[PDB]
2 protein chains.
Amino acid sequence: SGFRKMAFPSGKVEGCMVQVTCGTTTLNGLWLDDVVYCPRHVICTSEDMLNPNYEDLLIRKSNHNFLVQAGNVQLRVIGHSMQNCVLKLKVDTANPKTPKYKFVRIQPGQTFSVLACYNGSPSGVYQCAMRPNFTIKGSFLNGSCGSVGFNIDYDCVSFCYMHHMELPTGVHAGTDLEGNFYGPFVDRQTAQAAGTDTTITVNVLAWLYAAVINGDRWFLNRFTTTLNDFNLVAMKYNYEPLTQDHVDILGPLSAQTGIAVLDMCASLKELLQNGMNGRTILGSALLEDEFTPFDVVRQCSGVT
Amino acid sequence: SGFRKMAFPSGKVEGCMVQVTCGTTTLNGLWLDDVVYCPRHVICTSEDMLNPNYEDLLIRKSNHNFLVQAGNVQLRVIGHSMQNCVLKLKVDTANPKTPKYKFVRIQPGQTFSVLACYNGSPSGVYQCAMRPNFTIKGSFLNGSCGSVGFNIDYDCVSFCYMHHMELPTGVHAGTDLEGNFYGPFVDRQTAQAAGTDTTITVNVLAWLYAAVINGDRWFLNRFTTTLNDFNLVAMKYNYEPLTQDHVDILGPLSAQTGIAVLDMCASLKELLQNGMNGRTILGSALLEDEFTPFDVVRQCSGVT
Ligand SMILES: O=C(Nc1cncc2ccccc12)[C@@H]1CCNc2ccc(Cl)cc21
Ligand SMILES: O=C(Nc1cncc2ccccc12)[C@@H]1CCNc2ccc(Cl)cc21
C-alpha cells in the first residue's frame with residue numbers, strides 16, 4: 001500500500017543525454033542511434049531570441065559549429081538539419097546505450113516522467129502531466145532546454161516531450177520529438193498566453209479510486225449522479241467534462257473496488273461543492289490530477 | 001522556476017538490482033562488487049514470519065539455496081552470512097555496473113530517493129523522507145522487499161535504506177545497508193507501534209523559502225518571532241522543535257531571499273494558527289516537509 005507520484009526509472013534515458021554547444025549557448029540533447037536531437041534555439045543568443053529567423057541563423061552554422069559531448073568524449077558531427085523547432089545532428093557514432101524507443105505525441109491529460117538535465121548531466125527525475133492548456137508544471141532552470149519527457153513500456157522508451165521554454169507565468173512549453181510544440185507556443189521570447197488550466201477530471205477520479213484501494217475512504221457517500229449532472233458541476237469548477245470514453249477507461253478501477261464510476265462522480269461532486277473540511281486524501285489536501293487511470297493500475301499492480 | 005518532488009536519476013542503482021529467491025520467497029537484492037545484499041526474511045515462508053528464529057532458519061540453508069538472477073543471467077553464490085537483518089550473498093562475479101558507493105545511516109528528517117523494484121526489475125522512482133518516527137511513507141506492494149533508498153553526490157551513490165516491511169498502519173519500515181532497522185521495528189509479523197509522526201519543521205521552512213524563490217509570496221507577513229515563541233506554536237501543532245542548528249542550516253536560503261529565518265518562522269506560525277484559507281503554496285494545500293534545506297538549494301541551483 002501507499003501512493004506516490006512515481007516517475008519511471010530514468011537509466012535508459014540517462015544513457016542518451018549529451019551536451020550540445022553552439023557559439024555561446026549550451027543545452028541538452030538526446031542521442032539515439034547516430035542522431036542527436038536538441039531545441040533549435042541552441043543557435044540563438046539572448047539578442048536573437050526576441051525575434052529569430054531560425055532559417056537565416058542556421059545558414060551561418062556548419063557541422064563543426066555544433067559541439068556535442070557525451071560525458072567527457074566528443075562526438076563528430078557529420079550532418080545537421082532543422083525539423084520544425086528541433087535540430088537533428090547526425091554524428092559518426094551510434095549511441096551504444098540507445099534503448100528500444102519510439103517518438104510519441106501524447107494527449108493533454110496524459111502523464112510522463114521528466115529527466116531534468118544541465119550540461120548533458122542529469123539532476124533529477126519527476127512525474128508530471130501535459131496540462132489541458134498544453135503547458136507542463138515542471139522544474140527547469142536556464143540550461144535545462146533539451147531535457148526530455150518519456151514513458152516506459154517494459155523495454156521501450158516512448159519519448160513524448162523536449163523542453164524548450166519557460167513562459168513569463170513560470171509554466172513550461174516544449175515540443176514532441178518531431179519538433180512540433182504542444183499548444184500554440186512559439187520558440188520566441190514574446191508574450192504568450194497559456195490559456196485556462198482546467199482540472200483533468202478522469203485523473204482525479206482515478207486518484208480517488210487509488211485512495212479507496214489504499215484505505216482512504218472518508219469521502220465515499222450514499223449518492224450517485226449522471227454524466228450530464230456531474231458535468232454541470234465540473235463546468236462550474238473548471239474541470240474537464242467527463243465522457244463515456246473516460247467512464248470506460250475507469251472500468252478496471254470501478255471493477256477492482258466495486259464502486260460504480262457514477263457513484264465515484266457523486267463523491268467528487270460533493271468534494272467540489274463542500275471542499276475537504278481540513279481532511280486529506282493520500283497525503284494531499286487538494287484533488288490530485290496528475291495520475292491517469294493507467295498509472296493507478298500500474299502502481300497498484302507493480303508493473304516493472 | 002517551478003518546484004517538484006524530484007528524485008535522483010536512478011540509473012546507477014538500476015544496474016545493481018537483482019532478484020533473490022530462497023525456497024518459495026522472491027525479493028530484490030542489491031549487487032555491489034561481489035556481494036548481494038537482501039533482507040534476511042527471504043529465508044522465511046509466511047508461516048515463519050509470525051515468530052522466526054532467523055539463526056535456526058538460516059542453518060537449514062546452503063549457498064545453492066539462494067538463487068540470484070541479474071536480468072536473465074544467474075549468479076553463482078559462493079558464500080552467505082547474516083549481518084543484523086540483512087543477508088550478504090558472496091557471488092563469484094563483481095557487478096560490472098557497480099557505481100562509486102557508500103553505506104550511510106541517515107538522520108530522521110533527511111530525504112532520499114527510492115527505486116521500487118519487483119523480481120529484481122525496477123518499476124519506479126520517488127522521493128521521500130525518513131519520518132521523525134523512523135517510518136517512511138512509501139509505495140510498496142508484496143515482492144518490493146529489498147528495494148533501496150539512496151542519495152547521489154556527483155558520482156557517488158550513498159545507500160541509506162533497504163525496504164523490509166509494511167506495518168498494519170500502511171507505513172513502511174526498513175534497515176540501513178548494515179541491516180539495522182531504522183526505529184524500534186523488528187522483522188516479524190507482529191503488532192508494531194510506529195509512534196507519533198511529527199512534522200519536520202526545518203523542511204517546512206526550507207520549502208517556504210523555495211516558495212518565495214519561485215514567486216509564491218502571499219504568506220509573508222509583517223511579523224517576526226523568537227525560537228522559544230515559535231517552539232511553543234510548533235509543540236501545539238506536533239511540529240519538531242526548531243534549534244539554532246536548524247536556523248544555521250537555513251542560512252543560505254535566508255541569505256538568498258533576504259528573509260531572516262525568524263521572520264519566516266513568524267510566517268509559518270501564522271499559517272499554523274490560521275491555515276491556508278483555501279490558498280496554495282507551490283501547488284500544495286498543506287505544508288510540505290519532505291524537502292530538506294539542501295534539497296531546495298540543489299533544485300534551485302541545478303546540481304547534476
Ligand atoms: O526559456 C528559456 N530557457 C529556460 C527554460 N526553462 C526554464 C528557465 C528558467 C530560467 C531561465 C531560462 C529557462 C530560453 C532562455 C531565453 N528565453 C527563451 C525564449 C524562448 C525559448 Cl524557445 C527559449 C528561451
Ligand atoms: O511486509 C512484508 N512485505 C511487504 C512490504 N511492503 C509492502 C507490502 C504490501 C503488501 C504485502 C506485503 C508487503 C513481508 C510480508 C509478510 N509480512 C512481513 C512481516 C515482516 C517482514 Cl520483515 C516482512 C513481511
Side-chain angles (χ1 to χ4, degrees), chain A residues 1-15 17 113-128 136-144 152 154 166 169-172 214-216 275-276 278 280 283-288 290 295 298-304, chain B residues 1-15 17 113-128 136-144 152 154 166 169-172 214-216 275-276 278 280 283-288 290 295 298-304:
Chain A
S1 67
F3 215 67
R4 280 279 184 185
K5 188 74 67 66
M6 212 178 276
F8 285 102
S10 59
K12 286 153 176 308
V13 178
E14 296 170 43
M17 302 312 300
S113 302
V114 169
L115 179 64
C117 287
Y118 296 90
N119 300 99
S121 290
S123 46
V125 52
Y126 57 86
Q127 188 76 356
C128 73
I136 75 164
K137 305 200 167 124
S139 170
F140 296 109
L141 308 172
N142 188 70
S144 66
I152 310 179
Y154 168 43
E166 184 171 277
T169 61
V171 305
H172 305 110
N214 292 273
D216 271 324
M276 317 263 290
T280 62
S284 183
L286 53 76
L287 302 168
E288 297 288 322
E290 294 189 353
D295 289 342
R298 187 188 301 115
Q299 184 173 162
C300 297
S301 82
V303 172
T304 67
Chain B
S1 67
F3 215 67
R4 280 279 184 185
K5 188 74 67 66
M6 212 178 276
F8 285 102
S10 59
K12 286 153 176 308
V13 178
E14 296 170 43
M17 302 312 300
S113 302
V114 169
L115 179 64
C117 287
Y118 296 90
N119 300 99
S121 290
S123 46
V125 52
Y126 57 86
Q127 188 76 356
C128 73
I136 75 164
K137 305 200 167 124
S139 170
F140 296 109
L141 308 172
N142 188 70
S144 66
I152 310 179
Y154 168 43
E166 184 171 277
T169 61
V171 305
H172 305 110
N214 292 273
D216 271 324
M276 317 263 290
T280 62
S284 183
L286 53 76
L287 302 168
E288 297 288 322
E290 294 189 353
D295 289 342
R298 187 188 301 115
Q299 184 173 162
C300 297
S301 82
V303 172
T304 67

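Quick note: numbers below take in every heavy atom, side chains included, and nothing from hydrogens, waters or symmetry partners. Letters go in sequence order (proteins before strands), and every chain restarts at 1.
What you find for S1(B) and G170(A) is that their closest heavy atoms are OG-CA, 3.7 Å. Nearest heavy atoms, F8(A) versus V125(B): O-CG1, 3.5 Å. Contact record, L141(A) with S301(B): CD1-C, 3.6 Å, taken as the closest heavy-atom pair.
At a 4.5 Å heavy-atom cutoff, the contact between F3(B) and chain A is made by backbone atoms alone. Interface remark: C300(B) contributes backbone atoms only to the contact with chain A (heavy atom separation under 4.5 Å). Heavy atoms closer than 4.5 Å to chain A are found nowhere in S144(B), neither backbone nor side chain. In this structure, chain A has heavy atoms under 4.5 Å from both the backbone and the side chain of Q299(B).
At distances below 3.5 Å, at least one donor-acceptor pair connects side-chain atoms of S10(B) with backbone N or O atoms of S10(A). At least one donor-acceptor pair under 3.5 Å links the side chain of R4(B) to the backbone N or O of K137(A).
Ranked by heavy-atom pairs shorter than 4.5 Å toward chain A, the options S123(B), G124(B), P9(B), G2(B) are led by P9(B). Here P122(B) is the residue among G15(B), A116(B), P122(B) with the most heavy-atom pairs under 4.5 Å with chain A.
One distance of note links CE of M6(B) with OG of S139(A); it measures 3.5 Å at 0.5 Å rounding. How far CE of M276(A) is from CG of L286(B): 8.5 Å, rounded to the nearest 0.5 Å. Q127(A) contributes atom CD, which lies 13.5 Å from atom NZ of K5(B) (distance to the nearest 0.5 angstrom).
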